[PDB]
Every structure is written in structure tokens, then in C-alpha cells.
Amino acid sequence: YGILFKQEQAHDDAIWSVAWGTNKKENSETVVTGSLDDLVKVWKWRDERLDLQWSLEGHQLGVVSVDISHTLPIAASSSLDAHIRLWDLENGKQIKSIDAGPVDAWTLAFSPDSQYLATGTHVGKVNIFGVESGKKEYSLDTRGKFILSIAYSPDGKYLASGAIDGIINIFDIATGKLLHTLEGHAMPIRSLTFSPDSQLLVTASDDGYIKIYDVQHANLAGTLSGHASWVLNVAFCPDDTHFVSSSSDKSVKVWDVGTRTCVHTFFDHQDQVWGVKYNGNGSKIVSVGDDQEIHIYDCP
Amino acid sequence: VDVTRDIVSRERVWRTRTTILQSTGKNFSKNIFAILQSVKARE
Amino acid sequence: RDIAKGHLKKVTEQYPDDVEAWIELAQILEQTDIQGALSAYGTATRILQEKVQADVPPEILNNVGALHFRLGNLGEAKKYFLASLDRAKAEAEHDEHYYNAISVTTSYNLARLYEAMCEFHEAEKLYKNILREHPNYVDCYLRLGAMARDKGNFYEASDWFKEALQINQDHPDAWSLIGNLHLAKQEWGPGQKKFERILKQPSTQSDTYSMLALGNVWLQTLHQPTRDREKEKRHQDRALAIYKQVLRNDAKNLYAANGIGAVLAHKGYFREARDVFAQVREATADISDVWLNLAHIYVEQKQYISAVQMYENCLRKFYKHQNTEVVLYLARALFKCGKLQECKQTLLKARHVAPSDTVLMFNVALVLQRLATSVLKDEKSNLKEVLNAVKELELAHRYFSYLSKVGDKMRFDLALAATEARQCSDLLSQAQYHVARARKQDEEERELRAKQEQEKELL
Amino acid sequence: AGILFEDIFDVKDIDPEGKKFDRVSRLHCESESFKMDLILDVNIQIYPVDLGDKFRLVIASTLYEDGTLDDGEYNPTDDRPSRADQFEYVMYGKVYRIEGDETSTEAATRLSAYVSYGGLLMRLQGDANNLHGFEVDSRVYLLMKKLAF
């Protein structure tokens, strides 16, 4: 339990998200990050070392979200420029540019089958674009204020949505319909992710509480006291034993998903961490933030 | 019950609401009300 | 207290088998420097073991842990509280000293620390353990409400606060908290006056908090275009009278000086606002209000160099990183090279946490237009920037198209969207004119490199 | 105005290589907002200072509020307003060296003003943003006042 790699000055501007692979499809060894300096740096985590492989540009505004396809070695990057641009980690080139204009562009959500791409909309809907089409296939008709977070389940059975007022919208990607609406929070939901078994659902609100709800029967499994700041990013360990939590206070606590206890905490970031993600096995925990430093956290 | 008088009679409240309002030093109104009146005189 | 302090300053040097002198010495320095009381407790803890093997009473350990609670030794204070609870339980025969009350206060401080130790579950559990044994206690029942209030101001907070007031209406803290509840939604602007005059009876007088709450709620009514109707001037006079009244009875109150500085700034005296805010800053500048109020005066006098730092210092606190109001006050009259592109970066940082606001998405378009006109009117500059300026202008135009459809605005309709549209049209024209200049400069650099290569061939 | 600098300082160490003289000592002070170093040398005899004390140092080019840029000479018989009326320790010197971390391409980020008040030195080391009012071969004052806090 410590820090393995320490990338100083990983970017010119603050990093807001980090993407790292989990499968064996040339993704776990490459780190894709998106920062406000308009550089989609494709870092290759080769020889236990974070080496730059590609430097993709083109986004007018800073990158808001980065994620790696589960069943495919290509990636995509969105921003507030309403131009969601697809990329390829095999060649460092651009596949296409989904003009989700005028402004309706938010964090991405790679489907587990790598065939659909969810994007939040200012009208409150969740537009589901096609990876190989780019056109609006079908939009979820659940209005409100705005979609602040969207996540796909690893096996593709459910889909949640974080609103600006703590409204979890449990959708069904198998049929495209709203099943449950969990409203156990009143804060804007920043980010959320599905458990590797698609059984638990962590919510990262602005109350400092990691309220882990259930998806099968839409009930709260327990209130966990998180940080004192707002939990920004949260990810599950691929072996499903723990989950890290990125908050707004230069602190990375690794909370236990089973006992609701912090097993370790990192304080090596001088600024707040914005993105946290696991490795393909769950030992290395990549982290980014306003410090513009990528820290690789090893927890054997 | 007696538990109420049992605690409020032995405790000590060094800071309360009003203490926060006054500065811990000495800043009287002699240097404040002077300008407060000078600004009114000119109008 | 002075004669007492002199008396302990005499008992300290000599050693007439002192046992309880350090207890008294700490008992007075709790208000003063917090370290001296810690030193007195540190020496007094060890002075109680030489006469006999007697365990330290839980009161001294509870007080020393309380002293450490305000400090950064949260874990050490937690250990002090736990050991105090364990000793206090061991007093099975100290019924006259009420070991139960000692345990109650120790657990109260411990729950407060857990609430401060990023662990609200344990603090809720401990405060409830106090409730189940003594429902006539106020502070625990009030702290549970704030715990619930972090998640929202409509949860059990708003119910527990009123219930604690119903059990004790003569408690200033609970009634002031009832007043605090209405502050989340300022729709009760004129109506909150009534609920703030409930305990303004002479028995509770004088209460500076209710008076300053009245002053604040009366200042909130300012910043309106109805001043010429002889309405806001009367409001300024009333608030100034309140501040003068709380100044006469209390000259050392800083909030009165803050309020008179605010109204004087509203009266158009920004040169004379610095002097009045100077005393408030010199007393204690570590209050969120003074940083912003002074940075307003700095940004008003064309001093962004002294205003951006004062806005960043207020954000240094452990509460958030990207607040909307601070960045809104950040960009006021920025026109320089380093105050436009970076202004876009901070605007994007602000809009990242909550893009639903219209002011941010208007200001980004405005600053984009400013840079576009700063590169496409008198320039004649680098070519790549001409290629980027058209993209920025197109994004600004798309935002212009998008903004007109929104219903609500910042209390002022954005029907003045025509003028920037005409501006963007003429900038599009100028950019199409200046791209030719870019090509001319491209040819110019090509021929200069050719006429340099020929000379290098000569050599 | 003429305020070339203004900021609160506090003393953390006094003659750390050991006191050399008998009336002067080194004051390795630090700032509170601008985060800048200070190596001021005050007359410890007439103006004693102990550790932890805070003072309001203000480097000013002139002692007059209107800023008339006095020629420089001792004229006690002067009824004009003087800024020194609210300071317990005022000095007069001439900055002689402005060292910074300059390079061949990009401008400096941290300067270091070296001013000599007829023998008493001071290095106001810090960022290169608030030291714009310091130029070599120019007269400056000190204008410090200890804070009671």
C-alpha cells in the first residue's frame, strides 16, 4: 500500500479525468487522459513506466471525460465544444467528430459491448449516440435539470444517471425505459460507476457521504461517511474487493466495499484529485487532478 | 431532571456567539465614527 | 483574573509541594493562548502520581482533550476522550461528583470530534446515545440537525431545530438557528423580519446577533434599480442606523464596521471604503466576507493585479475549488492579454461544476468575441491564430443562437443579443478579408527563406 | 501614492549565524500573504524586537501623502503631513542591486531587491510581480510599525 510512479507535470493545465484499461486489448497498458490544456495524451504504461505514446489534439475546449472501450482498443474524448471526437489508440488518429451541438455535450459512457455512447443533455435527457454512426439513435425521455453523470454496467444490464439534485435515474439499456428513480440525495451527483458484479451502485454527491445503493431492488445498502469535501471520482477494484474515492481535498481514501472502512489513504497530491481509476488487476491505481501530476498507486 | 443542572453548572463556555462578533483586540469607534460623520458632513 | 494570574505567577516559581496549582493555572489560560493550558495540564498530569498511585481523574484528561480538539491533534484528543470515558466509567462511588455528567460531556466532545473527523456515522451514533438517556439536552439534538442539514436543508434538520426550540423557546442558539433556516431560500426577505423579532424582547436584550441578522437581511434588499424612487436610500439609512446603534453599544464589533463599509461602498465612496474596511481587515482578515469586499474596491480602481489574488485566497479554504460567484467577480473589466485567455480558463473551470448558469455561457461568448476582435480587426498577426479565430467565432455564434431560446435570465432579459450578432457578422467579414493577408504573409516568409538559402549556398 | 510595497511580516529567527555586532541583528522574517523573504537589519538597541512579533512594513518612495518627491535632505522645520506619523521605526536608504532568476529567453519570475540604508541591509526576495516599483539607484524608505495584535 503506497505510491509506485509519480509523474510530475503531467499536463500544462489541470487534468479533469483519467482513463485506464482493464482487459487485454491493448488498453490496460496504455493510459488515456484528458485535461483542460486540449491535449489528449495517450500515455503507454510500459515497462512499469508511464511513457507518452500519442498526443492527440483538436478539441477547442478542455477535455471533460475520457474512457477506454471495454471490447475495443480505441478511445473517445468529449468536451464542452459540443464536438465529441472519436480516436484510435492503434494509430493515434481521429475516427470522427460527433457535433453534439449547440452545447449539449457532457461526460461519455462507453457501452460494455462498445456499440453505444451515452451523453448528457442540458434538457435533462440522456442521448444515446452510436459509436459507428454518430447520429442520435434514441434518447431517454426523463427530463429534469441536467445529466451530470452516466455509467454503463460492466455486463450491460442497468444504467444510472446523476442529476443536479441527487436524482438517480435507473434506466434499462436492454429496453430503453426508466425502471427506478432513487432520490436518496439532494446534492448534485458528480460521478458514479457500477460494481463489477452490477449489484452495488456508489453515488458521489456533494455531501461527503458514500451512500451505496442497490440496483436489483432500488434500496440503500448503507450510508458510508466519505470525505469532508465533495467526492469527485469513484471506481471499483476489478477483483471487486475495494473502491477508491476521489474528493475535493487532496486526499485519496480507499474505502472497503464490504466493511465500509478506509483501508488506506494517499496525501501525495498537493491539489485536489479529479480522476481515479484502477488497473487491470486492481494493484495500480492511477490518479490525476489539478496538481497536473499522474500518481500510480500500488496496493498489492 | 437533575442531569441538566448537573452539567451546565460545572462546564465553561469560553466562546459563544457574541464573542465572535467583537475583535480579540481593542478597536473602538473613535477612529470609525469620525469618518462616519465626516462623510455625512460633506453630503 | 489579573490578581489571580499574579497569584499563580507567584505560586509557580516556589515549590511548596504544589499539587493543584497547575490546575488553576490552566483554568485561566483556556481563554488565552491555548498552548499554556496544555503545558499546565501536561505538568499537572504527572504531578498527581508521586504522592500515591492514583489514576488521573477524567475531568483533567477531558479538558486537555477538549483543548487538543480545537487543534490539529484530533487523534490525540480522541485518545484523551476515550481514556476519559473509561476512567469516568470506573467512578462507581463518585455519585456526588456525578461521573455520569463527566461521561456525558466527554462523549459530547467525542461526538463533536467525530463530526469533525469525517465520520458522521459514529457522531450520529454517539449523539443518539446521549439522546436515549437524556432528552432534555439541547446541544446534541441541535448538532444532529446540522448533520442532517449537510445532505439538505429540508431533511430532519428543519424539524429537529424547531423541536429543540419548542422544548426551549428561551434558548438564543435554537431561535437563531430557526432564523438560519430561512437563509437558504431568500424568498422570505421582508417576511423574515417577523421571525427575527420574536426574541427581541428586553429580557433577551441586548442581543447583537439578532440585530446584525436584521442588518444583513436589510442589506440584502439593496442592489436594485429602484434607488431613484427614494426607496433604497431609506433602506441604506435604516441599515446605517442599525449599524450605528450596534456600534455605540459595542465599538469592537467588526460586523457593524463591515456593514457600514458595505453601505458606504453602495453610496459611491469606494475611495472612502478602503479606510473603513482597513480596521476590519487588521482585526481579523480571515473571514470570507472581507476578502471579497476589499477585492471589490481593488477591482473597481482598475487594479486586477491586487484583486485576482484576493479572490484566489478566499478559494484557498477547504470548502470547494470552483465557485461561481468568485469567478463572476473575477472578470469585471479585464482586457489585457493575460486577463482574457486565462479568464476563459477560469470561466471553463467554473462552468465545469455547474453549466446550467446562463451568465457563464454569456461571458465565455463575450470574451471569445473580445479575443476575436482583438485578432481580426487590427491584425495583421500570426496565421494559425487567424485559422483558430474563425472556429472560436463560430462557437460563439452557436452559443448566440442557443442563448436566445432560454426563458429565465439573470433578472434581466437577454433581448440585447442582436448587437453581438451584428458584431460577429462584421468579424466574419473581417476574418474572410484577413485570411488573404495571412496567405500574403505565408508567401512573404517563403521568399525570405528562399533568399536566405541562396546566401547559404554562396557560403 | 508612491507605495512601492506593502505587506504584513512576522519574525521567525534572529541572528542565526550568531550576533556579530552589538546594536544590529539579522531579522529573517517571512510574509503572510505575498510569501516573500526578508533579511531586514534593525537597530535592536533603540527598537528591540523579539520573535513572533508582526509588523506592517511599507516601502515608500516618499513620506508625503501627495507624493511630491522630496529632493532628499534633513529639514526638521516642516509642517507638511508625513506618513511617518503612524510608524515607530522609519529609515532611508538607496536600493543598489535587483537580482532575479532571469534567463536568456523567458523573463524572471522571482526578483531580489538589495537596499542599503547607509549600512543596514535588506533583501526583499520573492516573486517578480510586486517588485515592479524597485529600480536600481533610487531612494526608498522603510516605514514599519509593530503590530500589537
# chains A, B, ... in the order shown; residues from 1 in each chain; ligands from 1
>>> residues_around(residues="residue C:241", least_positions_apart="3", cutoff="12 Å", atoms="only C-alpha atoms", output="VMD selection string")
(chain B and resid 36) or (chain C and resid 211 to 212 214 to 215 218 234 to 238 244 to 248 256 259 to 260 263)
>>> select_by_dssp(residues="chain B", states="alpha helix (DSSP H)", output="list in words")
residues 2, 3, 4, 5, 6, 7, 8, 17, 18, 19, 20, 21, 30, 31, 32, 33, 34, 35, 36, 37, 38, 39, 40, 41 and 42 of chain B
>>> interface_residues(of="chain B", to="chain D", cutoff="10 Å", atoms="only C-alpha atoms", output="list in words")
residues 24, 25 and 26 of chain B
>>> write_last_selection(atoms="N, CA, C and O atoms", output="compact mmCIF listing (two decimals), in the first residue's frame")
# COMPACT_ATOMS: atom_id res chain seq x y z
N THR B 24 -10.69 40.33 18.96
CA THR B 24 -9.95 39.96 20.16
C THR B 24 -9.07 41.10 20.68
O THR B 24 -8.70 41.09 21.86
N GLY B 25 -8.77 42.10 19.85
CA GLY B 25 -8.03 43.26 20.26
C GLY B 25 -8.93 44.40 20.69
O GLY B 25 -10.10 44.20 21.03
N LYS B 26 -8.38 45.61 20.67
CA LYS B 26 -9.11 46.82 21.03
C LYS B 26 -9.22 47.67 19.76
O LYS B 26 -8.23 48.12 19.19
>>> atom_distance(atom1="atom CA of residue A:264", atom2="atom CA of residue A:276")
14.4 Å
>>> closest_atom_pairs(of="chain C", to="chain A", cutoff="9 Å", atoms="only C-alpha atoms", output="CSV")
residue,atom,partner,partner_atom,distance
C:116,CA,A:228,CA,8.5
C:117,CA,A:228,CA,8.3
C:118,CA,A:228,CA,5.5
C:119,CA,A:225,CA,5.4
C:120,CA,A:225,CA,5.9
C:121,CA,A:225,CA,6.4
C:150,CA,A:207,CA,6.0
C:151,CA,A:207,CA,5.5
C:152,CA,A:186,CA,6.0
C:318,CA,A:249,CA,6.8
C:319,CA,A:229,CA,6.5
C:320,CA,A:248,CA,6.8
C:321,CA,A:248,CA,7.6
C:345,CA,A:36,CA,7.9
C:348,CA,A:62,CA,8.1
C:349,CA,A:36,CA,8.6
C:352,CA,A:64,CA,8.0
C:353,CA,A:190,CA,8.4
C:354,CA,A:164,CA,8.3
C:355,CA,A:122,CA,8.5
C:356,CA,A:122,CA,7.4
C:388,CA,A:60,CA,8.9
C:391,CA,A:60,CA,8.2
C:392,CA,A:60,CA,7.9
C:395,CA,A:81,CA,7.5
C:398,CA,A:102,CA,5.9
C:399,CA,A:102,CA,6.7
C:401,CA,A:102,CA,8.2
C:402,CA,A:102,CA,6.6
>>> write_last_selection(atoms="N, CA and C atoms", output="PDB file, in the first residue's frame")
ATOM      1  N   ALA C 116     -16.176  16.199  13.291  1.00  0.00           N
ATOM      2  CA  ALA C 116     -15.063  16.891  12.658  1.00  0.00           C
ATOM      3  C   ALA C 116     -14.031  15.946  12.053  1.00  0.00           C
ATOM      4  N   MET C 117     -14.147  14.635  12.281  1.00  0.00           N
ATOM      5  CA  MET C 117     -13.165  13.666  11.808  1.00  0.00           C
ATOM      6  C   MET C 117     -13.648  12.904  10.573  1.00  0.00           C
ATOM      7  N   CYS C 118     -14.483  13.536   9.746  1.00  0.00           N
ATOM      8  CA  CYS C 118     -15.000  12.929   8.515  1.00  0.00           C
ATOM      9  C   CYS C 118     -15.708  11.605   8.787  1.00  0.00           C
ATOM     10  N   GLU C 119     -16.299  11.474   9.975  1.00  0.00           N
ATOM     11  CA  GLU C 119     -17.028  10.268  10.377  1.00  0.00           C
ATOM     12  C   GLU C 119     -18.327  10.725  11.035  1.00  0.00           C
ATOM     13  N   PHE C 120     -19.365  10.881  10.217  1.00  0.00           N
ATOM     14  CA  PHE C 120     -20.659  11.314  10.721  1.00  0.00           C
ATOM     15  C   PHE C 120     -21.491  10.157  11.247  1.00  0.00           C
ATOM     16  N   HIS C 121     -21.187   8.928  10.828  1.00  0.00           N
ATOM     17  CA  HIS C 121     -21.907   7.770  11.343  1.00  0.00           C
ATOM     18  C   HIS C 121     -21.688   7.613  12.844  1.00  0.00           C
ATOM     19  N   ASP C 150     -26.337  18.972   6.216  1.00  0.00           N
ATOM     20  CA  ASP C 150     -25.381  18.869   5.111  1.00  0.00           C
ATOM     21  C   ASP C 150     -26.014  18.198   3.896  1.00  0.00           C
ATOM     22  N   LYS C 151     -26.806  17.144   4.115  1.00  0.00           N
ATOM     23  CA  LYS C 151     -27.472  16.482   2.998  1.00  0.00           C
ATOM     24  C   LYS C 151     -28.607  17.322   2.422  1.00  0.00           C
ATOM     25  N   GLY C 152     -29.145  18.257   3.193  1.00  0.00           N
ATOM     26  CA  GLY C 152     -30.185  19.123   2.675  1.00  0.00           C
ATOM     27  C   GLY C 152     -30.849  19.937   3.761  1.00  0.00           C
ATOM     28  N   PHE C 318     -10.663  25.027   2.570  1.00  0.00           N
ATOM     29  CA  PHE C 318     -11.137  23.665   2.351  1.00  0.00           C
ATOM     30  C   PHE C 318     -12.668  23.677   2.359  1.00  0.00           C
ATOM     31  N   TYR C 319     -13.232  24.213   1.273  1.00  0.00           N
ATOM     32  CA  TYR C 319     -14.666  24.072   1.044  1.00  0.00           C
ATOM     33  C   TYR C 319     -15.004  23.710  -0.400  1.00  0.00           C
ATOM     34  N   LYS C 320     -14.203  24.165  -1.360  1.00  0.00           N
ATOM     35  CA  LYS C 320     -14.500  23.977  -2.780  1.00  0.00           C
ATOM     36  C   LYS C 320     -13.296  24.545  -3.534  1.00  0.00           C
ATOM     37  N   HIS C 321     -13.257  24.344  -4.844  1.00  0.00           N
ATOM     38  CA  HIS C 321     -12.247  24.963  -5.701  1.00  0.00           C
ATOM     39  C   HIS C 321     -12.831  25.918  -6.730  1.00  0.00           C
ATOM     40  N   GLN C 345     -10.106  30.228 -19.229  1.00  0.00           N
ATOM     41  CA  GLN C 345      -9.790  29.016 -18.481  1.00  0.00           C
ATOM     42  C   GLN C 345     -10.546  28.973 -17.158  1.00  0.00           C
ATOM     43  N   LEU C 348     -14.239  28.364 -17.810  1.00  0.00           N
ATOM     44  CA  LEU C 348     -14.493  26.955 -18.085  1.00  0.00           C
ATOM     45  C   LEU C 348     -14.413  26.126 -16.811  1.00  0.00           C
ATOM     46  N   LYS C 349     -13.449  26.437 -15.941  1.00  0.00           N
ATOM     47  CA  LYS C 349     -13.358  25.751 -14.657  1.00  0.00           C
ATOM     48  C   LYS C 349     -14.634  25.942 -13.846  1.00  0.00           C
ATOM     49  N   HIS C 352     -17.604  24.070 -15.432  1.00  0.00           N
ATOM     50  CA  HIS C 352     -17.452  22.622 -15.343  1.00  0.00           C
ATOM     51  C   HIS C 352     -18.269  22.044 -14.193  1.00  0.00           C
ATOM     52  N   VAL C 353     -18.324  22.747 -13.061  1.00  0.00           N
ATOM     53  CA  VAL C 353     -19.042  22.202 -11.913  1.00  0.00           C
ATOM     54  C   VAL C 353     -20.552  22.357 -12.079  1.00  0.00           C
ATOM     55  N   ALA C 354     -21.003  23.390 -12.790  1.00  0.00           N
ATOM     56  CA  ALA C 354     -22.429  23.609 -12.992  1.00  0.00           C
ATOM     57  C   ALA C 354     -22.662  24.441 -14.247  1.00  0.00           C
ATOM     58  N   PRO C 355     -22.857  23.803 -15.402  1.00  0.00           N
ATOM     59  CA  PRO C 355     -23.042  24.553 -16.650  1.00  0.00           C
ATOM     60  C   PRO C 355     -24.432  25.143 -16.833  1.00  0.00           C
ATOM     61  N   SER C 356     -25.362  24.894 -15.910  1.00  0.00           N
ATOM     62  CA  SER C 356     -26.738  25.347 -16.074  1.00  0.00           C
ATOM     63  C   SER C 356     -26.888  26.861 -16.005  1.00  0.00           C
ATOM     64  N   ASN C 388      -7.639  29.776 -36.069  1.00  0.00           N
ATOM     65  CA  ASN C 388      -8.371  29.427 -34.849  1.00  0.00           C
ATOM     66  C   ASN C 388      -9.479  30.424 -34.521  1.00  0.00           C
ATOM     67  N   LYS C 391     -12.926  29.510 -35.870  1.00  0.00           N
ATOM     68  CA  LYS C 391     -13.562  28.453 -35.087  1.00  0.00           C
ATOM     69  C   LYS C 391     -14.137  29.003 -33.789  1.00  0.00           C
ATOM     70  N   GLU C 392     -13.372  29.853 -33.099  1.00  0.00           N
ATOM     71  CA  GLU C 392     -13.876  30.445 -31.863  1.00  0.00           C
ATOM     72  C   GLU C 392     -15.111  31.301 -32.124  1.00  0.00           C
ATOM     73  N   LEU C 395     -18.129  29.059 -32.717  1.00  0.00           N
ATOM     74  CA  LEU C 395     -18.657  28.564 -31.447  1.00  0.00           C
ATOM     75  C   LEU C 395     -19.424  29.655 -30.709  1.00  0.00           C
ATOM     76  N   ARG C 398     -22.780  30.010 -32.382  1.00  0.00           N
ATOM     77  CA  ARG C 398     -23.671  28.924 -31.988  1.00  0.00           C
ATOM     78  C   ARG C 398     -24.225  29.154 -30.587  1.00  0.00           C
ATOM     79  N   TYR C 399     -23.386  29.645 -29.672  1.00  0.00           N
ATOM     80  CA  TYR C 399     -23.879  29.979 -28.339  1.00  0.00           C
ATOM     81  C   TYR C 399     -24.850  31.153 -28.379  1.00  0.00           C
ATOM     82  N   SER C 401     -26.941  31.678 -30.875  1.00  0.00           N
ATOM     83  CA  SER C 401     -28.192  31.066 -31.309  1.00  0.00           C
ATOM     84  C   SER C 401     -28.854  30.305 -30.168  1.00  0.00           C
ATOM     85  N   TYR C 402     -28.054  29.634 -29.335  1.00  0.00           N
ATOM     86  CA  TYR C 402     -28.611  28.812 -28.264  1.00  0.00           C
ATOM     87  C   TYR C 402     -29.155  29.657 -27.115  1.00  0.00           C
TER      88      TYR C 402
END
